[PDB]
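S.K.: The structure is given below, and queries will be raised subsequently.
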Amino acid sequence: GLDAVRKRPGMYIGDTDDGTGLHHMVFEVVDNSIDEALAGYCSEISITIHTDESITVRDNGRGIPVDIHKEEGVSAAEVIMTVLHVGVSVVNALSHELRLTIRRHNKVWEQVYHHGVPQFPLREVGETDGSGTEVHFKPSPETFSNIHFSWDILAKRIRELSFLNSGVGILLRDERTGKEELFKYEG
Ligand SMILES: CCNc1cc(F)cc2c1[nH]c1ncc(-c3cnc(OCC(C)(C)C(=O)O)nc3)c(-n3ccc(C(F)(F)F)n3)c12
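Structure (C-alpha cells):
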C-alpha cells in the first residue's frame, strides 16, 4: 500500500530534501514513455516545468489501456496509478495533486488524484485524433522540502535519454523562463 510510501518516502524516491528525490519523480514518469519507445510505439515526449513548480509529462504512445480491470473493479489506468508491489504509483502517492489524461480509441479519458487517492473513476471527456498519455503532478510539500526544479539537471539527464534512445525526440520547456529545447539524437 501507498500508506508506507508516504510514511517513509526517501526509502522509495530518494532523498526528499536535496533535490535528488524531487527530480527522480520526473524520470519515474518519463521512464514509462521510454519503455513504450523501446516497444516501438512512442516517438515523442514533452516535459513542461510550470510556474507553480508542477510538472507535465506527455508522450505520443498507444495510451494506457482503459477497460475495466476486474481483479480491482476499476480502469487498469487507475490500478497502475494507485497500486504497486520504482513505479508511477510512488509519484502519485507523493503528489499533492495529479491529473492523468489518456488519448485512446479516439477518446479522451481523465482521472484526478489527491495524494494518490482517486477523486473519480476514469471518465471519458472528449474526442481526439491523437493518442498518448499525459501526466500532470504536483510534488507534495508534506514530502519534499525545497520544491524547485532545475532546468540544468532535467536538461542533462534528458540529453542522455535522447542520446541512449535514438529516434525518440524529447521536448523540455520551462514556463518560468520560457526556455525551450528539443533533444533528438540524429548526429
Ligand atoms: C507521460 C506518462 N506516460 C505513461 C505513464 C505510465 F505510467 C504508463 C504509460 C505511459 N505511457 C504509456 N503508453 C503506453 C502504455 C501501454 C499500452 N498498451 C500496452 O499493451 C501491452 C501489449 C501486450 C498489448 C503490447 O505491449 O503490445 N502496454 C503498455 C503504457 N502502459 C504502461 C503500463 C500499462 C499497463 F499496465 F496498464 F497496461 N500501460 C503507458
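Read in order, the letters of the sequence shown correspond to residues 17 to 101, 120 to 221 in the UniProt record's numbering. Note that beta-carbon positions come from the ideal geometry of N, C-alpha and C, so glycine has one too.
What do you reckon, is the C-beta of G77 under 6 Å from a heavy atom of ligand 1?
M.R.: Yes, the Cβ of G77 comes within 6 Å of a heavy atom of ligand 1.
S.K.: What's the gap between the Cα of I80 and the Cα of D47?
M.R.: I80 and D47: Cα-Cα distance of roughly 14 Å.
S.K.: Could you give the distance in angstroms between the alpha-carbon of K141 and the alpha-carbon of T162?
M.R.: Distance between the alpha carbons of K141 and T162 is about 5 Å.
S.K.: Please state the DSSP three-state secondary structure of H66.
M.R.: In this structure, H66 counts as coil in the three-state DSSP scheme.
S.K.: Go through the stretch 18-49 residue by residue and report every complete run of the alpha helix (DSSP H) that reaches 4 residues or more, in order.
M.R.: If we require 4 residues or more, the alpha helix (DSSP H) runs fully inside the stretch 18-49 come out as 18-23 and 26-29.
S.K.: Nearest-angstrom Cα distance between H182 and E69?
M.R.: Taking the straight line from one Cα to the other gives about 6 Å.
S.K.: Just the Cα atoms here: how many angstroms apart are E88 and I96?
M.R.: Cα-Cα distance, rounded: 11 Å.
S.K.: Comparing C-alpha positions only, which one of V42, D19 and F197 sits nearest to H101?
M.R.: If we check each option's Cα against that of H101, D19 comes out closest.
S.K.: Please state if the CB of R138 and the CB of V82 are separated by a distance shorter than 7 Å.
M.R.: Against a cut-off of 7 Å, the Cβ pair of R138 and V82 comes out as a contact.
S.K.: Put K190 into one of helix, strand or coil per three-state DSSP.
M.R.: Residue state, collapsed to three classes: helix.
S.K.: Report yes if the C-beta of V169 is less than 6 Å from at least one heavy atom of ligand 1; otherwise report no.
M.R.: Yes - ligand 1 has a heavy atom lying nearer than 6 Å to the Cβ of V169.
S.K.: Does the beta-carbon of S174 have 16 or more other beta-carbons within 10 angstroms, so that it is buried, or is it exposed?
M.R.: With 16 or more Cβ atoms within 10 Å of its Cβ, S174 is classed as buried.
S.K.: Less than 6 Å between the CB of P152 and some heavy atom of ligand 1, yes or no?
M.R.: No, Cβ of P152 sits at least 6 Å from all heavy atoms of ligand 1.
S.K.: Relative to the alpha-carbon of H130, which residue among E158, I71, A92 and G77 has its alpha-carbon at the smallest distance?
M.R.: Nearest C-alpha to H130: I71.
S.K.: Leaving out five residues before and five after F154 in sequence, what residues of the same chain have Cβ atoms less than 8 Å from its Cβ?
M.R.: The residues are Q145 and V146.
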